[PDB]
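Listing of data_39.csv, CSV, C-alpha atoms and all ligand atoms
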```csv
chain,number,residue,atom,x,y,z
A,1,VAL,CA,27.8,25.9,78.1
A,2,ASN,CA,24.2,25.6,76.7
A,3,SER,CA,21.3,23.3,77.4
A,4,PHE,CA,21.3,21.3,74.1
A,5,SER,CA,21.6,17.6,75.1
A,6,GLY,CA,22.7,14.5,73.4
A,7,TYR,CA,24.1,16.2,70.3
A,8,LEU,CA,26.8,14.7,68.1
A,9,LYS,CA,29.5,17.3,67.6
A,10,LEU,CA,30.4,17.1,63.8
A,11,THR,CA,32.8,20.0,63.7
A,12,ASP,CA,33.9,22.8,65.9
A,13,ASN,CA,30.5,24.5,65.5
A,14,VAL,CA,28.0,22.0,64.1
A,15,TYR,CA,26.1,19.5,66.1
A,16,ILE,CA,23.4,17.0,65.1
A,17,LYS,CA,20.7,14.8,66.7
A,18,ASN,CA,17.9,12.5,65.7
A,19,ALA,CA,15.1,14.5,67.2
A,20,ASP,CA,11.8,16.4,66.6
A,21,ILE,CA,12.7,20.1,66.3
A,22,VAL,CA,9.3,21.0,67.9
A,23,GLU,CA,9.9,19.0,71.1
A,24,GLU,CA,13.5,20.2,71.0
A,25,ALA,CA,12.3,23.8,70.8
A,26,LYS,CA,9.6,23.3,73.5
A,27,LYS,CA,12.3,21.8,75.8
A,28,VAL,CA,15.3,24.1,75.2
A,29,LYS,CA,13.4,27.4,74.4
A,30,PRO,CA,16.4,28.5,72.3
A,31,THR,CA,17.0,32.1,71.5
A,32,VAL,CA,16.6,31.2,67.8
A,33,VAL,CA,14.7,28.4,66.1
A,34,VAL,CA,15.0,28.2,62.3
A,35,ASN,CA,12.0,27.6,60.1
A,36,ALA,CA,12.2,25.9,56.7
A,37,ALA,CA,10.1,28.7,55.1
A,38,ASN,CA,9.0,29.6,51.7
A,39,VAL,CA,8.9,33.1,50.2
A,40,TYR,CA,5.3,33.6,51.1
A,41,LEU,CA,5.7,32.4,54.7
A,42,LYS,CA,2.8,29.9,54.0
A,43,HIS,CA,3.5,27.3,56.6
A,44,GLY,CA,1.8,24.4,54.8
A,45,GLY,CA,3.8,21.2,55.5
A,46,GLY,CA,7.2,19.9,56.7
A,47,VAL,CA,9.1,21.8,59.4
A,48,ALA,CA,7.0,25.0,58.5
A,49,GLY,CA,3.6,23.2,58.7
A,50,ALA,CA,4.8,21.4,61.9
A,51,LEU,CA,6.1,24.5,63.7
A,52,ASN,CA,3.0,26.5,62.8
A,53,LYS,CA,0.6,23.8,64.0
A,54,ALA,CA,2.5,23.7,67.4
A,55,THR,CA,2.0,27.5,67.7
A,56,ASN,CA,-1.7,27.1,67.3
A,57,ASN,CA,-1.5,29.1,64.0
A,58,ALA,CA,-0.1,32.2,65.7
A,59,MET,CA,3.1,31.9,63.5
A,60,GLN,CA,0.9,32.0,60.4
A,61,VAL,CA,-1.1,35.0,61.6
A,62,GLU,CA,2.1,36.9,62.3
A,63,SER,CA,3.6,35.9,59.0
A,64,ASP,CA,0.5,37.0,57.0
A,65,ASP,CA,0.9,40.5,58.5
A,66,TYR,CA,4.6,40.5,57.7
A,67,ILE,CA,4.0,39.6,54.1
A,68,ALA,CA,1.1,42.2,53.8
A,69,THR,CA,3.6,44.9,54.9
A,70,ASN,CA,6.9,43.8,53.3
A,71,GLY,CA,6.0,41.4,50.4
A,72,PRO,CA,7.7,38.1,49.8
A,73,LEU,CA,11.1,37.0,50.9
A,74,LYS,CA,13.9,36.1,48.4
A,75,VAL,CA,14.9,32.5,47.8
A,76,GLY,CA,18.1,32.4,49.9
A,77,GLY,CA,16.8,35.1,52.2
A,78,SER,CA,15.3,35.3,55.7
A,79,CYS,CA,13.4,37.3,58.3
A,80,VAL,CA,13.3,37.3,62.1
A,81,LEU,CA,9.9,37.0,63.6
A,82,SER,CA,8.6,35.8,67.0
A,83,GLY,CA,9.4,32.4,68.3
A,84,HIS,CA,6.0,32.3,70.0
A,85,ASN,CA,5.9,29.4,72.5
A,86,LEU,CA,8.9,27.6,70.9
A,87,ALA,CA,11.8,30.1,71.1
A,88,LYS,CA,12.5,33.8,71.6
A,89,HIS,CA,12.8,34.3,67.9
A,90,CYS,CA,12.1,32.3,64.7
A,91,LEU,CA,14.5,32.9,61.8
A,92,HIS,CA,12.4,32.1,58.7
A,93,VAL,CA,15.0,31.0,56.1
A,94,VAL,CA,14.1,30.2,52.5
A,95,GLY,CA,16.2,27.4,51.0
A,96,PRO,CA,15.7,26.6,47.3
A,97,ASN,CA,12.8,24.1,46.7
A,98,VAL,CA,14.0,21.6,44.1
A,99,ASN,CA,10.3,20.6,43.5
A,100,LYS,CA,9.8,24.2,42.3
A,101,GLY,CA,13.0,24.0,40.1
A,102,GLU,CA,15.0,26.5,42.2
A,103,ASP,CA,18.8,26.8,41.9
A,104,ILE,CA,20.6,24.7,44.5
A,105,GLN,CA,23.5,27.2,44.6
A,106,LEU,CA,21.1,29.3,46.6
A,107,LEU,CA,21.5,26.9,49.4
A,108,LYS,CA,24.8,28.5,50.5
A,109,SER,CA,23.1,31.9,50.6
A,110,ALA,CA,20.3,30.5,52.7
A,111,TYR,CA,22.8,29.1,55.3
A,112,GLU,CA,24.7,32.4,55.4
A,113,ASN,CA,21.6,33.8,57.3
A,114,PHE,CA,22.6,31.6,60.2
A,115,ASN,CA,25.8,33.5,60.7
A,116,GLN,CA,23.8,36.5,62.1
A,117,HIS,CA,23.0,34.5,65.2
A,118,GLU,CA,25.5,33.1,67.7
A,119,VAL,CA,23.5,29.9,68.5
A,120,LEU,CA,20.6,28.3,66.6
A,121,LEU,CA,18.3,25.2,66.6
A,122,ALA,CA,17.7,24.4,63.0
A,123,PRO,CA,16.6,21.8,60.6
A,124,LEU,CA,18.9,20.6,57.8
A,125,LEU,CA,18.0,23.1,55.0
A,126,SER,CA,16.2,22.0,51.8
A,127,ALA,CA,15.7,18.4,53.0
A,128,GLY,CA,12.5,16.4,53.2
A,129,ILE,CA,9.8,17.9,50.9
A,130,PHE,CA,12.2,20.6,49.6
A,131,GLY,CA,13.8,17.7,47.6
A,132,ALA,CA,17.5,18.5,47.8
A,133,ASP,CA,20.3,16.0,48.7
A,134,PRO,CA,20.5,16.0,52.5
A,135,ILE,CA,24.1,14.8,52.5
A,136,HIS,CA,24.6,17.8,50.4
A,137,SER,CA,22.7,20.2,52.6
A,138,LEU,CA,24.7,19.0,55.6
A,139,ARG,CA,28.0,19.6,53.7
A,140,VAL,CA,26.9,23.1,52.8
A,141,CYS,CA,25.9,23.8,56.4
A,142,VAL,CA,29.3,22.7,57.7
A,143,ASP,CA,31.2,24.7,55.0
A,144,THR,CA,29.1,27.9,55.4
A,145,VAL,CA,27.8,28.3,59.0
A,146,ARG,CA,30.4,29.6,61.5
A,147,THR,CA,28.1,30.2,64.4
A,148,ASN,CA,26.9,27.3,66.7
A,149,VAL,CA,24.2,25.3,65.0
A,150,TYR,CA,22.2,22.4,66.5
A,151,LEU,CA,20.6,20.5,63.7
A,152,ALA,CA,17.5,18.4,64.8
A,153,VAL,CA,16.8,15.7,62.2
A,154,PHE,CA,13.3,14.4,62.3
A,155,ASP,CA,13.7,11.2,60.1
A,156,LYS,CA,15.7,8.5,61.9
A,157,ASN,CA,16.7,6.8,58.6
A,158,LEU,CA,17.9,10.2,57.2
A,159,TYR,CA,19.8,10.8,60.5
A,160,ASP,CA,21.5,7.3,60.3
A,161,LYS,CA,22.6,8.0,56.7
A,162,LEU,CA,23.8,11.5,57.5
A,163,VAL,CA,26.0,10.2,60.4
A,164,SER,CA,27.4,7.2,58.4
A,165,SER,CA,28.3,9.3,55.4
A,166,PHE,CA,29.8,12.4,57.1
A,167,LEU,CA,33.3,13.3,56.1
A,201,LIG,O1,9.3,17.5,57.7
A,201,LIG,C1,10.0,17.5,58.6
A,201,LIG,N1,11.4,17.5,58.6
A,201,LIG,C2,12.1,17.4,57.3
A,201,LIG,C3,12.0,18.7,56.5
A,201,LIG,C4,11.0,19.2,55.7
A,201,LIG,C5,11.1,20.4,55.0
A,201,LIG,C6,12.3,21.1,55.1
A,201,LIG,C7,13.4,20.6,55.8
A,201,LIG,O2,14.6,21.3,55.8
A,201,LIG,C8,13.2,19.4,56.5
A,201,LIG,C9,14.2,18.6,57.4
A,201,LIG,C10,13.6,17.2,57.5
A,201,LIG,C11,14.0,16.4,58.8
A,201,LIG,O3,14.3,17.0,59.8
A,201,LIG,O4,13.9,15.1,58.7
A,201,LIG,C12,9.3,17.6,60.0
A,201,LIG,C13,8.0,17.4,60.2
A,201,LIG,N2,7.4,17.4,61.4
A,201,LIG,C14,8.2,17.5,62.5
A,201,LIG,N3,7.7,17.6,63.8
A,201,LIG,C15,6.3,17.0,64.1
A,201,LIG,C16,5.9,17.5,65.4
A,201,LIG,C17,4.5,16.9,65.8
A,201,LIG,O5,4.5,15.4,65.7
A,201,LIG,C18,4.9,15.1,64.3
A,201,LIG,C19,6.3,15.6,64.0
A,201,LIG,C20,9.6,17.7,62.3
A,201,LIG,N4,10.1,17.7,61.1
```
Have the structure of the file written as C-alpha cells, please.
Amino acid sequence: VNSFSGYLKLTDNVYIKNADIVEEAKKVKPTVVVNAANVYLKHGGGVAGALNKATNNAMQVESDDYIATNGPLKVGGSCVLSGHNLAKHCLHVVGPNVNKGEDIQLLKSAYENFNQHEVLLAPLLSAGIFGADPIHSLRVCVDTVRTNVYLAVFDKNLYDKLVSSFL
C-alpha cells in the first residue's frame, strides 16, 4: 500500500491522474519524482521549469554542479539527484525533444530508466513542449516500465484524451 490517491489503474503497474506533479510531490513526498530534463539540466520550462521554480532554484544550483563535474547527459539517459523539498530523490530523465529533431525511438530508452526504481511519480515523457505524441508516450510507458509508476498529467484536456483513447 502507498499514499498515492485517486489514481486510475491503467495496467498492473501504471496509474494516471489529472494533477499537478508539484502539488502531488509536495503532498506525497515520494521516494522518486521524475523530471522531464534536457541533457544540460537547464530547467527552463514545462515540468523542469516548474519543478525547479518550486525548489526555489536549488534544483538548478545542484544541477549546474553536476554538469560541471560530469558533462551532459545522453538523450534517453538519466541521473539521480536530490528531490529537495519535493521528494527524496529526483530522477532527471531525458526524453527526445521533437522540437530539436531528436529520434522518437529514444523514448523507450528514456522510460527504461524508470525500471531502476520500485515506485515513481512521473510526468508522461516527451509530452507538452517536448512535442511528441502523448498517446504514444503513454503506450511506450505501459509497454516499457515494469515498476510502479504514478503519472501526474497537468493538462486536463490531455488527460481526458489519454483516458478515452487508452487501449
Ligand atoms: O508542462 C507541464 N506538463 C507537461 C510537460 C512538459 C514537458 C515535458 C513533459 O513530459 C510534460 C507533461 C505535460 C503534462 O503533464 O501535461 C507542467 C507545467 N507546470 C506544472 N506545474 C505548475 C506548478 C505551479 O503552478 C503552475 C503549474 C506541471 N506540469
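The interatomic distance for the pair CA of residue 81 (chain A) and CA of residue 119 (chain A) works out to 16.1 Å.
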Any idea what the distance is between CA of residue 53 (chain A) and CA of residue 72 (chain A)? 21.4 Å
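The gap separating CA of residue 52 (chain A) from CA of residue 68 (chain A) is 18.2 Å, in Å to one decimal.
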Mind listing the residues within 10 Å of ligand LIG 201 (chain A), only C-alpha atoms and all ligand atoms counted, as a JSON list (two decimals) with C-alpha atoms, in the frame of the given file?
```
[["chain", "number", "residue", "atom", "x", "y", "z"],
["A", 17, "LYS", "CA", 20.70, 14.80, 66.70],
["A", 18, "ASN", "CA", 17.90, 12.50, 65.70],
["A", 19, "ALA", "CA", 15.10, 14.50, 67.20],
["A", 20, "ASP", "CA", 11.80, 16.40, 66.60],
["A", 21, "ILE", "CA", 12.70, 20.10, 66.30],
["A", 22, "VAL", "CA", 9.30, 21.00, 67.90],
["A", 23, "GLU", "CA", 9.90, 19.00, 71.10],
["A", 24, "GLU", "CA", 13.50, 20.20, 71.00],
["A", 34, "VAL", "CA", 15.00, 28.20, 62.30],
["A", 35, "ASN", "CA", 12.00, 27.60, 60.10],
["A", 36, "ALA", "CA", 12.20, 25.90, 56.70],
["A", 37, "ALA", "CA", 10.10, 28.70, 55.10],
["A", 38, "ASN", "CA", 9.00, 29.60, 51.70],
["A", 45, "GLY", "CA", 3.80, 21.20, 55.50],
["A", 46, "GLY", "CA", 7.20, 19.90, 56.70],
["A", 47, "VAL", "CA", 9.10, 21.80, 59.40],
["A", 48, "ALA", "CA", 7.00, 25.00, 58.50],
["A", 49, "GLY", "CA", 3.60, 23.20, 58.70],
["A", 50, "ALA", "CA", 4.80, 21.40, 61.90],
["A", 51, "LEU", "CA", 6.10, 24.50, 63.70],
["A", 52, "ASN", "CA", 3.00, 26.50, 62.80],
["A", 53, "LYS", "CA", 0.60, 23.80, 64.00],
["A", 54, "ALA", "CA", 2.50, 23.70, 67.40],
["A", 93, "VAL", "CA", 15.00, 31.00, 56.10],
["A", 94, "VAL", "CA", 14.10, 30.20, 52.50],
["A", 95, "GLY", "CA", 16.20, 27.40, 51.00],
["A", 97, "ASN", "CA", 12.80, 24.10, 46.70],
["A", 122, "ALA", "CA", 17.70, 24.40, 63.00],
["A", 123, "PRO", "CA", 16.60, 21.80, 60.60],
["A", 124, "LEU", "CA", 18.90, 20.60, 57.80],
["A", 125, "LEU", "CA", 18.00, 23.10, 55.00],
["A", 126, "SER", "CA", 16.20, 22.00, 51.80],
["A", 127, "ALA", "CA", 15.70, 18.40, 53.00],
["A", 128, "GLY", "CA", 12.50, 16.40, 53.20],
["A", 129, "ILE", "CA", 9.80, 17.90, 50.90],
["A", 130, "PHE", "CA", 12.20, 20.60, 49.60],
["A", 131, "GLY", "CA", 13.80, 17.70, 47.60],
["A", 132, "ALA", "CA", 17.50, 18.50, 47.80],
["A", 134, "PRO", "CA", 20.50, 16.00, 52.50],
["A", 137, "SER", "CA", 22.70, 20.20, 52.60],
["A", 151, "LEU", "CA", 20.60, 20.50, 63.70],
["A", 152, "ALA", "CA", 17.50, 18.40, 64.80],
["A", 153, "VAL", "CA", 16.80, 15.70, 62.20],
["A", 154, "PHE", "CA", 13.30, 14.40, 62.30],
["A", 155, "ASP", "CA", 13.70, 11.20, 60.10],
["A", 156, "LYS", "CA", 15.70, 8.50, 61.90],
["A", 157, "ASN", "CA", 16.70, 6.80, 58.60],
["A", 158, "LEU", "CA", 17.90, 10.20, 57.20],
["A", 159, "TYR", "CA", 19.80, 10.80, 60.50]]
```
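Distance annotation: of A:61, A:121, A:39, A:66, the residue with the minimal separation from residue 100 (chain A) is A:39; atom set is all atoms listed in the file.
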Need to verify the contact set: residue 65 (chain A), 12 Å, only C-alpha atoms, exclusion of same-chain residues closer than 6 positions in sequence. Can you return it as a PyMOL selection string? chain A and resi 40-42+58-59+71-72+81
Answer as a ChimeraX atom specification, residues within 10 Å of (9.4, 33.9, 63.9) using all atoms listed in the file: /A:32-35,51-52,58-60,62-63,79-84,86-92
Write the residues of the selection above to a file with C-alpha atoms, as a tab-separated table (two decimals), in the coordinates of the input.
```tsv
chain	number	residue	atom	x	y	z
A	32	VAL	CA	16.60	31.20	67.80
A	33	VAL	CA	14.70	28.40	66.10
A	34	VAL	CA	15.00	28.20	62.30
A	35	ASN	CA	12.00	27.60	60.10
A	51	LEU	CA	6.10	24.50	63.70
A	52	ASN	CA	3.00	26.50	62.80
A	58	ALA	CA	-0.10	32.20	65.70
A	59	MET	CA	3.10	31.90	63.50
A	60	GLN	CA	0.90	32.00	60.40
A	62	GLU	CA	2.10	36.90	62.30
A	63	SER	CA	3.60	35.90	59.00
A	79	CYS	CA	13.40	37.30	58.30
A	80	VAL	CA	13.30	37.30	62.10
A	81	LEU	CA	9.90	37.00	63.60
A	82	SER	CA	8.60	35.80	67.00
A	83	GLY	CA	9.40	32.40	68.30
A	84	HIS	CA	6.00	32.30	70.00
A	86	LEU	CA	8.90	27.60	70.90
A	87	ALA	CA	11.80	30.10	71.10
A	88	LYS	CA	12.50	33.80	71.60
A	89	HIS	CA	12.80	34.30	67.90
A	90	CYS	CA	12.10	32.30	64.70
A	91	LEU	CA	14.50	32.90	61.80
A	92	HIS	CA	12.40	32.10	58.70
```
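Remark: for residue 27 (chain A), the closest of the candidate residues A:106, A:85, A:98, A:77 is A:85 (distances computed over only C-alpha atoms).
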Point out the residue among A:113, A:150, A:103, A:160 with the least atom-to-atom distance to residue 6 (chain A), counting only C-alpha atoms. A:150
Can you find the residues with an atom no farther than 10 Å from (28.6, 25.8, 54.8), counting only C-alpha atoms, and report them as a count of residues only? 18
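Of the listed residues A:43, A:30, A:1, A:13, the one whose atoms come nearest to residue 64 (chain A) is A:43, with distances taken using only C-alpha atoms.
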Box along x, y and z, 3 Å on every side, all listed atoms of region 163-166 of chain A inside: centre and edge lengths in Å to one decimal, as AutoDock Vina command-line options.
```
--center_x 27.9 --center_y 9.8 --center_z 57.9 --size_x 9.8 --size_y 11.2 --size_z 11.0
```
For residue 14 (chain A), the nearest of the candidates A:148, A:99, A:165, A:115, counting all atoms listed in the file: A:148
Neighbours of residue 28 (chain A) within 8 Å (all atoms listed in the file; same-chain residues fewer than 3 positions away dropped), as a PyMOL selection string? chain A and resi 3-4+24-25
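When all atoms listed in the file are used to measure the gap to residue 26 (chain A), the shortest distance among A:55, A:166, A:116, A:161 belongs to A:55.
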